[PDB]
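Protein chains: 10
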Amino acid sequence: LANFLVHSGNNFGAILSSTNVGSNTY
Amino acid sequence: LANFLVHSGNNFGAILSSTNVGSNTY
Amino acid sequence: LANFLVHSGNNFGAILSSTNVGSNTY
Amino acid sequence: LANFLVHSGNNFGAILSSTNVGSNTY
Amino acid sequence: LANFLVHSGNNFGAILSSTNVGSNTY
Amino acid sequence: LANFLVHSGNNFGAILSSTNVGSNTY
Amino acid sequence: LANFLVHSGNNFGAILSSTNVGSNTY
Amino acid sequence: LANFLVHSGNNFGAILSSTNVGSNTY
Amino acid sequence: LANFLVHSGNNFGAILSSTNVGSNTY
Amino acid sequence: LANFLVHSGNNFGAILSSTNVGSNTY
Numbered sequence: 045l046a047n048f049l050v051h052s053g054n055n056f057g058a059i060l061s062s063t064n065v066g067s068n069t070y
Numbered sequence: 045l046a047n048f049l050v051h052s053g054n055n056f057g058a059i060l061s062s063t064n065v066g067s068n069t070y
Numbered sequence: 045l046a047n048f049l050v051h052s053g054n055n056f057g058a059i060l061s062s063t064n065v066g067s068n069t070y
Numbered sequence: 045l046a047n048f049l050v051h052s053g054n055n056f057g058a059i060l061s062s063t064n065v066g067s068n069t070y
Numbered sequence: 045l046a047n048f049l050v051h052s053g054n055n056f057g058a059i060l061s062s063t064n065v066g067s068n069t070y
Numbered sequence: 045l046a047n048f049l050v051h052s053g054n055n056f057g058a059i060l061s062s063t064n065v066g067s068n069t070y
Numbered sequence: 045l046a047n048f049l050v051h052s053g054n055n056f057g058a059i060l061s062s063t064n065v066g067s068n069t070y
Numbered sequence: 045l046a047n048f049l050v051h052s053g054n055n056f057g058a059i060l061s062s063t064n065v066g067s068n069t070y
Numbered sequence: 045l046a047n048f049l050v051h052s053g054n055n056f057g058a059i060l061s062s063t064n065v066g067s068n069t070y
Numbered sequence: 045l046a047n048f049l050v051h052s053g054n055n056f057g058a059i060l061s062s063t064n065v066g067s068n069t070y
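Chains as they are written, first to last, in full-length UniProt numbering: chain A, 45 to 70; chain B, 45 to 70; chain C, 45 to 70; chain D, 45 to 70; chain E, 45 to 70; chain F, 45 to 70; chain G, 45 to 70; chain H, 45 to 70; chain I, 45 to 70; chain J, 45 to 70.
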């Protein structure tokens, strides 16, 4: 069906794919 | 069907794809 | 059908694609 | 059918594509 | 069905895939 | 000032109050 | 100031209050 | 200032309050 | 300042308060 | 400042407070 499959009744969480997240604190 | 598949009844979470997120704190 | 597929009954979450998000705090 | 597909019954969330979002706080 | 499958009743946790997360503290 | 207060610079998200949302799929 | 306060620069997410959301799948 | 306070630069997530969410799958 | 305080640069996660979430699978 | 304080640069996780979550599987 798919390479990735998320099946839920209620969903509240984030879903990231091919993302670049970065944090810099000075 | 797809490379990525999200199937839910109620959805409340963010869905990111090929995104660049960045935070800088000074 | 698609490379990405979001199937829901009620949707409330944001859907980002190829987006650049940035925050700077001084 | 498409590269990205969003199928819902009721939709309330934002859908961004190729967008640049930025916030600066002084 | 899929290479990865997440089946739940209520979901609250993040789901990352092919993501690069980084933090730098100075 | 108020029981609920939403203060933003740019707003794009829906704001619901005392609403009844329902979806039925057959 | 308020019982609930949401202060942001850019807002894209939904804000629900005293809402009843329901989904039925057959 | 408030009983609940959400302060961000960019916001993308849903904010629920006194909400009743329900899903039924047959 | 508040009883609950969420301070972030970029926010993507849901924020629930006094909510009742329920899922029934048959 | 607060009874509970969440301070982050980028946030992706759900934040629950005074919530009742329930799942029933038959």
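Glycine residues also receive a C-beta, built at the ideal position from the N, C-alpha and C atoms.
When you compare the CB of residue i with every CB in chain H, is at least one pair closer than 8 angstroms?
| i | result |
| --- | --- |
| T69(D) | yes |
How many Å lie between residue i and residue j at the Cα?
| i | j | result |
| --- | --- | --- |
| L60(F) | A58(G) | 8 angstroms |
| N64(I) | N64(H) | 5 angstroms |
| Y70(A) | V50(C) | 38 angstroms |
| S52(D) | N68(J) | 25 angstroms |
| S62(D) | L45(F) | 38 angstroms |
Since residue i and residue j should fall inside the 8 angstroms C-beta cutoff, what is the C-beta to C-beta distance between them, to a whole number of angstroms?
| i | j | result |
| --- | --- | --- |
| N47(I) | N55(J) | Actually they do not touch by this definition, with Cβ atoms about 19 angstroms apart. |
Under a Cβ-count criterion, where at least 16 other Cβ atoms within 10 Å of its own Cβ denotes burial, should residue i be classed as buried or exposed?
| i | result |
| --- | --- |
| residue 76(C) | Limits of chain C in this structure are 45 at one end and 70 at the other, which puts residue 76(C) out of reach. |
Taking 8 angstroms as the threshold (beta carbon to beta carbon), is residue i in contact with chain J?
| i | result |
| --- | --- |
| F56(A) | yes |
| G53(E) | yes |
8 angstroms is my cut-off, CB to CB: does residue i come that close to chain A?
| i | result |
| --- | --- |
| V65(I) | yes |
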